[PDB]
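Residue numbers (full-length UniProt numbering), protein chains in the order written: chain A, 2 to 734; chain B, 587 to 668; chain C, 48 to 240; chain D, 71 to 167; chain E, 1 to 81; chain F, 1 to 42; chain G, 78 to 230. All C-beta atoms in this analysis are idealised placements derived from N, C-alpha and C, irrespective of residue type, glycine included.
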Amino acid sequence: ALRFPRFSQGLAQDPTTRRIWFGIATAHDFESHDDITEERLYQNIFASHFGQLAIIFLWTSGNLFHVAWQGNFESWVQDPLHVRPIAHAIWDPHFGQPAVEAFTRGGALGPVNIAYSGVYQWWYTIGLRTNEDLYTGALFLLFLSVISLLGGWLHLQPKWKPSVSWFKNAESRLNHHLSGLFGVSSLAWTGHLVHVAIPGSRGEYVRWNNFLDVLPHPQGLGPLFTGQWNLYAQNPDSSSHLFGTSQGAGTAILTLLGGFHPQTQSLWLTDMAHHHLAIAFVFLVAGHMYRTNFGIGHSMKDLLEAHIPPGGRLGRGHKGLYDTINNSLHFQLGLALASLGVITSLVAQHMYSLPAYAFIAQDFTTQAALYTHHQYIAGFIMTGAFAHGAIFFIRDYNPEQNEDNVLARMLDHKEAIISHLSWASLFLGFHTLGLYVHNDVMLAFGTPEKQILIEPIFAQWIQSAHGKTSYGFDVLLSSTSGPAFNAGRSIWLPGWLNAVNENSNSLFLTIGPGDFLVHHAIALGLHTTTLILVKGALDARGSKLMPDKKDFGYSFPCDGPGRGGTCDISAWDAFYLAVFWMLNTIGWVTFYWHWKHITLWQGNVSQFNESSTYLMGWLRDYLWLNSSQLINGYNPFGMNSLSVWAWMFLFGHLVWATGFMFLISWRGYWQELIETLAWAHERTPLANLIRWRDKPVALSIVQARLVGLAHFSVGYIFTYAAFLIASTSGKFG
Amino acid sequence: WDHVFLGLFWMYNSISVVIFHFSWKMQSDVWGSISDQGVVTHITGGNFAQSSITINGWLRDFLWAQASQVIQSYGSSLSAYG
Amino acid sequence: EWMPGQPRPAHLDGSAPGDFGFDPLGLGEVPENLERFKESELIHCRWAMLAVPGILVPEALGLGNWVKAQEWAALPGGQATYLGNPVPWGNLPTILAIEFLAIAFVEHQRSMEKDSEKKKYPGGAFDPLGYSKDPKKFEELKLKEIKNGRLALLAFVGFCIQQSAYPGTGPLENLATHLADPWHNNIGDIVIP
Amino acid sequence: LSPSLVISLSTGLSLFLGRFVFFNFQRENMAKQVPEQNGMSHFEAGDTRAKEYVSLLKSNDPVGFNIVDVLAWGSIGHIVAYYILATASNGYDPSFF
Amino acid sequence: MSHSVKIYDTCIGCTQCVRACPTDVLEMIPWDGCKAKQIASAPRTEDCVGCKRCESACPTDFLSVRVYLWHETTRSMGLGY
Amino acid sequence: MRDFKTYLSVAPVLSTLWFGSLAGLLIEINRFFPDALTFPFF
Amino acid sequence: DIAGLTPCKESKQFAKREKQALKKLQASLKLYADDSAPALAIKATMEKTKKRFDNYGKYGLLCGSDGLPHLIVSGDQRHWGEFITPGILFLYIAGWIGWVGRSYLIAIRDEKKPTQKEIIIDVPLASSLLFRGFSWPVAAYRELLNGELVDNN
Ligand code: CLA
Ligand code: CLA
Ligand code: CLA
Ligand SMILES: CC1=C[C@H](O)CC(C)(C)[C@H]1/C=C/C(C)=C/C=C/C(C)=C/C=C/C=C(C)/C=C/C=C(C)/C=C/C1=C(C)C[C@H](O)CC1(C)C
Ligand SMILES: CC1=C(/C=C/C(C)=C/C=C/C(C)=C/C=C/C=C(C)/C=C/C=C(C)/C=C/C2=C(C)CCCC2(C)C)C(C)(C)CCC1
Ligand SMILES: CC1=C(/C=C/C(C)=C/C=C/C(C)=C/C=C/C=C(C)/C=C/C=C(C)/C=C/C2=C(C)CCCC2(C)C)C(C)(C)CCC1
Ligand code: SF4
Ligand code: SF4
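Listed below in structure tokens is the structure:
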């Protein structure tokens, strides 16, 4: 094209300002560009992936460098408690003198920010001890970023441009990624733990200098090649072991003993080494499954063809599904995002209950920030998975090649799926809201004993099945005579039971009726968001109101006011509506997590157990009570270090409320206002000299929906982050 | 009609700000109690002059501070208000 | 017919040995599927026929039962016993290795044959007494084999269920318990505790 | 145990099973399973690096046992042998019952 | 560089699509596939704004006139300035 | 009278009568059997 | 003692909650003469509270550590009256309502203007069909068996 954007001829000749907008949100959607082919699209995807890797490495290098240059890692290593981590220094010319006073924390000589990302504990656990290690790591990550950028440039040149069939070689890619990207990387991390991190935890400094001279075991690799692997699990670290020193240390490398370290309240490093070694073995085995140039292996196409149930209860089964899943990039993107979101929720739910880094369980603000961050990330990623599934249905789905498949039969019975999801969401919402309102009314009338409190008997039984003994159930892993208890009695059961039955950590917290109600509200949110996203995906190709939606693309505003009105009829609008429900669900999850943990850390779990059963308790004892120090960050009497969190709190409230006008007020009013504004500028003396090149127009309907959603999400995230960090930092527990 | 629908929100906003101003100003500078000696003690102690100039002051000293009488009304005769 | 007064399924016509028209779920609609089911059923019944004396006789001779004979592999360094005598090479790795080596290559030649009748009834070296020479007696023996094998499968279900109900004891002990006073100790006590 | 004896025995048994017992079934399954994209094989679709090495898979064995099968069945044997050795060394694990 | 207005053969012959057009995009041409012996046509889609009044008056089961929004000009964005 | 009975058969009037009768029944039940959390008759 | 819950009739915290409620009610009662209507209302409220606490204790409810009764919905036969019996009663009543509505919709389905029978309910037919939901489980089971419950479109 002759004008920005150059990838779209239709947008380039636009005389209005929306072109400037629309060249931004369509820049990375290569499939909608002008004069594109398949191989060019694949090569652009490859180059953008290399770029993204480069920015990830550069961001990590910047984190390491700023911690090394402005942080207090060396003084934090000596005293992991009673020392606050420092992320980076603060240089603000707008700062007043009391701002410089209140923000001078740690051993720093100026204003600093207190790191709540947990990178200090992670780097301390894995062997980094001094600032020169952080400088070397930052240099290595910068070199990796440069290498990835060079590779992205190289693989776009005509000599090194890959063919489209190379990208479609799914068997070799999956084999290499399972064996090399998963197995070999986990084996290398096992080697790092065994050679460096585990000796570092015992007071031995192992670097590239003494790399080849320090034996990880007294017996070397002999117990690895001649059998008798148990010689690597002879004497583990004692219960009186102190992290980072040789007092109470052992010489074991790979052990299977459950529970946490007594001092750090985190998992044993030898446990992690054995875990990553076993995972490396499993992935290296699994990476020899599919066929390659060597004749042996599986063909996933025939794997999908063969799995047809006789009787036709699944139609033609998975016939032809390999071609659709291999040819469609949006199918792969949706599956990748769904799996990534599921394991991100797994990461969030497993780091708080089974902490992985030394002295991170005591850092409550770090744990809260990490959990909230990864849960919001997982929610956004799952929403994107469903959105890209809808995109695949609109763009890449081929009905002729998918007849009587397990994929077409979803569209065959989409009404049943949508209606049953609607029933589940309606039932959950009706009964959960009714129970909550019942409890609020009963306690308002001075009768808290008339509440409906349902004990989560199922989840309590599951906790007893995992070894908890606070409910009286004599079941597996809690009864001393069970075969499950007897089989694993000698290996890991004592430590695991000691960690579970300890009522100070987050491992299998005691739950009550409030947990039941909030978990059912969580189920309501999940079911409703799934309902919206599944309805959008399955009605993306068309419905009775708009049978030809597939001809109108993924994102279009409406179909006019005819047929009763057709606002928000596209699948993009279904995604936009479901983002609100995802935000509400993650808000409920993080509210529950933060309140339960902030009552446990104070040793006042009775407040949560008695106040979480009604919504006024949530409003008063959680939102109103814990925001005193947050809103008192600055007052007429002065300010303190929580003033930044108060300012970000109000900033989030403001930008959350600003999206309400991109969401409520619509386009015609603003266009008719802009017409009068243009008339005023064209008729104002000394101002007709200055004229616009692009004609001012109102924001597009889809554009305004996106802008309002962005303001809404920014307000949600910033407000809750400010409240969470201020509440957990004004009192640490 | 949509212009009326939009202006309803702005009338709501304007009247809400007006009534918040009235409530805080009369609670801080007019309403209160008279002692037998002759001194006057107001409900909010005359904090409108120094706190209402900031949005944080409205959030803390007006919304958060005075909502304690409506969130703690459970179990009493004012629980219908909660 | 298995269930009098009930119509026969269309897949079964009564020509097969033991074809009593019992297929409520309609598993054998496809003819080659039905042939595979016939072969698999015959193998299951023959294994249970070898099982039932192999469970009853060691219990009757006072060597334990069919659950005691597997206790030694649970113990560390356990020693297997035959007729009260310990086999010198009877350790779990050696026993499992010889079982995998010899149970394979005897289940492999069985899959080499493609004739369905030979897959079910191979003959040859497996019929040394010439009982399959006369066709009428051949079908009669087919029906007898089918009926005794279904009885053996039911007996093995009884074995497993009685072991689950009464852990760590023998089926003949359960029979003696029933014969002690049949009106008081039976399935009723476990069906209503 | 003796690592050499166990490793040699397990590798020999696995190679024997691959050569004699489970050879025809495996050959038939690789005959039926060939990776194809868009109805054609990976190499003929335009991928120059997906060509099957017919020189490496050509063998003078009467049944066609080639080096790749040797590597796979030896991997099975070594894995089984090391499992046996590591389990026999440990005098624990589901033993209390 | 205009909205794409398409006429399909399911058109009855009612001129309501033409009468509902505020920019004179559609017209009625002779035909033989219906009783009315006429069908709609869109020769002036360069002046189409996209208001979709034409397909808000089409009485068929689904619309015989379809307006697909496309590249937008000064006369397609309804700009008097 | 037929028109008035038709008006009494319309949706809001009939709904009001039905829901008023139901609310009265529930209120009288709650007066005579107050503070019911379980079903203790069996 | 399911899930570590003491029975409400043997719970100290339950009696403590009753004591706080009675103390607050007596503090409210002290403002009025005993022969007045507000005093009689307060005394009736106190008697109702005492009866409620006694009934909750005698019903077999399990009280938690906070002194409030906790319902058990796992299906335990000691607590079938908390969820299962009221659940069966609710399912019966809801099936009654749904069956009556479905019968009314089916009856007015084949008319000239069926919608006129929805905005204006035909009361005699509705009252005729009201008691047909008394035997709703039998009718629904038979209709499912005869393939009349579902429509194959
Ligand atoms: C064995 C060699 C090998 C290796 C190492 C890789 C590696 C890679 N390839 Mg693959 N690839 C291979 C063979 C290989 N490939 C072959 C033979 C082909 C052709 C058939 C391809 C075709 C191919 C394509 C077409 C593309 C890739 C892509 C990628 C990159 C993925 C992005 C990423 O970094 O993942 C990072 C992920 C991990 C290291 C592991 C997974 C993470 C799990 C899910 C999380 C759990 C881990 C753990 C908890 C982490 C803790 C975090 C810490 C902070 C505590 C990665 C560099 C992309 C690319 O190159 O981008 C530049 C891409 O577009 N590959
Ligand atoms: C916080 C307020 C709120 C509430 C309560 C709801 C409620 C609901 N949403 Mg909505 N929604 C909201 C905000 C809200 N939404 C926002 C901000 C958005 C973003 C635009 C959406 C977008 C949205 C989508 C995209 C979808 C829903 C759907 C639903 C339903 C979910 C299932 C369920 O929970 O039903 C339980 C029902 C209730 C909680 C509401 C009724 C409240 C009580 C029970 C009323 C009983 C009446 C009472 C006697 C009063 C009498 C009235 C009068 C006489 C005075 C439900 C009707 C989903 C759906 O339709 O599911 C079927 C769905 O598809 N919502
Ligand atoms: C006549 C009775 C009636 C019956 C039998 C059904 C039946 C059904 N409904 Mg429908 N529905 C009705 C009325 C009815 N509905 C009404 C009035 C509305 C408007 C609020 C809806 C809206 C609706 C929704 C939004 C959903 C269903 C769903 C369902 C299914 C699951 C059950 C459930 O979710 O209930 C939930 C019921 C309602 C939300 C409450 C309204 C029902 C009232 C209490 C009764 C109506 C009775 C009528 C006015 C009485 C007249 C009597 C006559 C003598 C004149 C089920 C097939 C779900 C689904 O499709 O999944 C399969 C679901 O998602 N229904
Ligand atoms: C083929 C051939 C060929 C060539 O040519 C020739 C010859 C060699 C001759 C041939 C062979 C043959 C043979 C080997 C046979 C065998 C058989 C058997 C063993 C059977 C079983 C069979 C078996 C059977 C029936 C079984 C049955 C069972 C039962 C009743 C049981 C019972 C019981 C009792 C009492 C008690 C307990 O508590 C319970 C129970 C346990 C329940
Ligand atoms: C739209 C669409 C799409 C997408 C979709 C999605 C997004 C989905 C998601 C999904 C998901 C998101 C899913 C999930 C799932 C899950 C699961 C499936 C789970 C499982 C689990 C398990 C199985 C477990 C088990 C166990 C337990 C219980 C415990 C113990 C242990 C064990 C392991 C045993 C696509 C593209 C495809 C296509 C087109 C359409
Ligand atoms: C010539 C011939 C012959 C001979 C042959 C032979 C003698 C062979 C051998 C062969 C072999 C002798 C093979 C081997 C293989 C192996 C492999 C291929 C590998 C495996 C392994 C793996 C893969 C891994 C391992 C590991 C490690 C690294 C450590 C840790 C653990 C594990 C185990 C994982 C005869 C005379 C017969 C005849 C004529 C011809
Ligand atoms: S396009 Fe619409 S209005 Fe015009 S003739 Fe066809 S149906 Fe009638
Ligand atoms: S969208 Fe409007 S301007 Fe365009 S053809 Fe239809 S009626 Fe005419």
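Report task. With a threshold of 7 Å, establish whether the CB of C/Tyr178 neighbours any heavy atom of ligand 4. Result -> On the third sequence, residue 178 of chain C is found 131 positions in, with the first residue counted as 1. Within the cutoff, so yes.
Query raised in the report: By the 10 Å Cβ neighbour count, where 16 or more other Cβ atoms means buried, how is C/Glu154 classified, buried or exposed?
Result: Within the third sequence, residue 154 of chain C is the residue found at index 107, counting from 1. Burial call: exposed.
Query raised in the report: Is C/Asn195 near ligand 4, with its Cβ less than 7 Å from a heavy atom?
Result: On the third sequence, position 148 is the one that residue 195 of chain C refers to. Checking the Cβ of C/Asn195 against ligand 4 gives yes.
Query raised in the report: What residues match up with C/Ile150 in a beta bridge as DSSP calls it?
Result: As a working mapping, residue 150 of chain C is identified with position 103 in the third sequence. In DSSP, C/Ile150 forms no bridge with anything.
Report task. Answer with yes or no whether the minimum CB distance from A/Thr27 to chain E is below 8 Å. Result -> Against the first sequence, residue 27 of chain A aligns to sequence position 26. No, A/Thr27 lies away from the interface with chain E (no Cβ there is under 8 Å from its Cβ).
Query raised in the report: Which bits of chain C does D/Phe135 rub up against, with CB to CB less than 7 Å?
Result: As a working mapping, residue 135 of chain D is identified with position 65 in the fourth sequence. Residues of chain C passing the Cβ test: none, with the nearest at roughly 16 Å.
Query - Enclosing alpha helix (DSSP H) for D/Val91 [first to last residue] - result: Along the fourth sequence, read from residue 1 onward, the residue named residue 91 of chain D stands at position 21. That residue, D/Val91, is in no alpha helix (DSSP H); it is neither H nor E in DSSP.
Query raised in the report: Of the residues A/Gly526, A/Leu494 and A/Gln376, which one's Cα is nearest the Cα of A/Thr345?
Result: Translated into positions along the first sequence, residue 345 of chain A becomes position 344. When only C-alpha atoms are compared, the closest one is A/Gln376.
Report task. Specify, as a first and last residue, the run of the alpha helix (DSSP H) that C/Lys167 falls within. Result -> Along the third sequence, one-based indexing puts residue 167 of chain C at 120. C/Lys167 -> alpha helix (DSSP H) spans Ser163 to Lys167.
Requested in this report: Say whether chain E places a C-beta atom closer than 8 Å to the C-beta of A/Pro6.
Outcome: Within the first sequence, residue 6 of chain A is the residue found at index 5, counting from 1. Not an interface residue.
Query - Nearest neighbour of G/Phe130, chosen from A/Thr448, A/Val407 and A/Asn294 [CA to CA] - result: Counting from one through the seventh sequence, the residue named residue 130 of chain G turns up at place 53. Ranking A/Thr448, A/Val407 and A/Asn294 by Cα distance to G/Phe130 puts A/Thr448 first.
Query raised in the report: Would you call the CB atoms of A/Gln71 and A/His95 closer than 8 Å?
Result: Sequence index remark: in the first sequence, residue 71 of chain A carries index 70 (1-based). Sequence index remark: in the first sequence, residue 95 of chain A carries index 94 (1-based). Cβ atoms of A/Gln71 and A/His95: not closer than 8 Å.
Query raised in the report: Cβ of A/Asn294 versus every heavy atom of ligand 1: is any distance shorter than 7 Å?
Result: For this step, residue 294 of chain A is matched to residue 293 along the first sequence. Incorrect: A/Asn294 has no Cβ contact closer than 7 Å to ligand 1.
Query raised in the report: What do you get for A/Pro356, buried or exposed, if any count of 16 or more other CB atoms within 10 angstroms of its CB means buried?
Result: Start at 1 with the first residue of the first sequence, and residue 356 of chain A comes out as number 355. Label assigned to A/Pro356: buried.
Query raised in the report: Since F/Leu14 and G/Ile198 are thought to touch, with beta carbons under 8 Å apart, how far apart are those beta carbons, to the nearest angstrom?
Result: Taking the sixth sequence and counting its residues from 1, the one referred to as residue 14 of chain F is at position 14. Taking the seventh sequence and counting its residues from 1, the one referred to as residue 198 of chain G is at position 121. Contact holds; Cβ gap of about 5 Å.
Query raised in the report: When burial is assigned at 16 or more other CB atoms within 10 Å of the CB, is A/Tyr323 buried or exposed?
Result: The residue labelled residue 323 of chain A in the question sits at position 322 within the first sequence. Answer is buried; the Cβ neighbour count reaches 16.
Requested in this report: Could you spell out where the beta strand (DSSP E) holding A/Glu172 opens and where it closes?
Outcome: Within the first sequence, the letter at position 171 stands for residue 172 of chain A. A/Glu172 -> not in any beta strand (DSSP E); alpha helix (DSSP H) instead, spanning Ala171 to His177.
Query raised in the report: For chain J, is any of its Cβ atoms less than 8 Å away from the one on A/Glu450?
Result: No chain J appears in this structure, whose protein chains are A, B, C, D, E, F and G.
Query raised in the report: Using the beta-carbon count (16 or more within 10 Å), is A/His414 buried or exposed?
Result: Mapped onto the first sequence, residue 414 of chain A falls at position 413. With fewer than 16 Cβ atoms within 10 Å of its Cβ, A/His414 is classed as exposed.
**Report entry** Proximity test, Cβ basis, 8 Å: A/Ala417 and chain B
**Finding:** Residue numbering aside, residue 417 of chain A sits at position 416 when the first sequence is read from its first letter. It does not; no Cβ of chain B falls within 8 Å.
Query raised in the report: Helix, strand or coil for B/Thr627 per DSSP?
Result: Here the question's residue 627 of chain B lines up with position 41 in the second sequence. Strand, per DSSP.
Query - A/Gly296 at chain D interface by Cβ criterion, 8 Å - result: Within the first sequence, numbered from 1, the residue matching residue 296 of chain A stands at position 295. Yes, because at least one Cβ of chain D sits closer than 8 Å to the Cβ of A/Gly296.
Query raised in the report: Which of the residues in the stretch 94-124 of chain A, read from start to end, lie with their CB under 7 Å from any CB of chain D?
Result: none
Report task. With a cut-off of 8 Å on the beta carbons, I'd call E/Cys11 and E/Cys34 a contact; round off their distance for me. Result -> Working through the fifth sequence from its first residue, we reach residue 11 of chain E at position 11. Working through the fifth sequence from its first residue, we reach residue 34 of chain E at position 34. Right, their Cβ atoms sit about 7 Å apart.
Report task. State yes or no: is the C-beta of C/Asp174 nearer than 7 Å to some heavy atom of ligand 4? Result -> As a first step, residue 174 of chain C must be located in the third sequence, where it is residue number 127. For ligand 4, at least one heavy atom lies less than 7 Å from the Cβ of C/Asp174.
Report task. Return the residue from the list A/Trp22, A/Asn440, A/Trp582 and A/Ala189 that minimises the CA-CA distance to B/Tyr660. Result -> Working through the second sequence from its first residue, we reach residue 660 of chain B at position 74. If we check each option's Cα against that of B/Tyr660, A/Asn440 comes out closest.
Query - Residues of the stretch 493-516 of chain A whose Cβ lies closer than 9 Å to any Cβ of chain G, in chain order - result: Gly513 and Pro514
Query raised in the report: Between the stretch 120-146 of chain G and chain F, which residues of the former have a C-beta closer than 8 Å to a C-beta of the latter?
Result: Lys125, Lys128, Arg129, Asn132, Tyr133, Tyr136, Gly137, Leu138 and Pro146
Query - Beta-carbon contacts of A/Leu477 that lie in its chain and below 6 Å, excluding the five residues immediately before and after - result: Here residue 477 of chain A corresponds to residue number 476 of the first sequence, with the count starting at 1. Answer for A/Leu477: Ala466, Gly483 and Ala485, listed in chain order.
Query - D/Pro73, DSSP secondary structure in three states - result: To locate residue 73 of chain D, count along the fourth sequence from 1; it is residue 3. Correct three-state label for D/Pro73: helix.
Query raised in the report: Relative to the alpha-carbon of B/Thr630, which residue among B/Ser619, B/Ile639, B/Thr640 and B/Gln623 has its alpha-carbon at the smallest distance?
Result: For the purposes of this step, residue 630 of chain B is taken as the residue at position 44 of the second sequence. Nearest option by C-alpha distance: B/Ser619.
Query raised in the report: Do A/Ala55 and A/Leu150 have their C-beta atoms within less than 8 Å of each other?
Result: For the purposes of this step, residue 55 of chain A is taken as residue 54 along the first sequence, with counting starting at 1. For the purposes of this step, residue 150 of chain A is taken as residue 149 along the first sequence, with counting starting at 1. Cβ distance < 8 Å, so A/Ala55 and A/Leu150 count as in contact.
Requested in this report: Check the Cβ of F/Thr16 against every Cβ in chain G and list those closer than 7 Å, keeping chain order.
Outcome: The residue labelled residue 16 of chain F in the question sits at position 16 within the sixth sequence. None at all; the shortest Cβ gap to chain G is about 12 Å.
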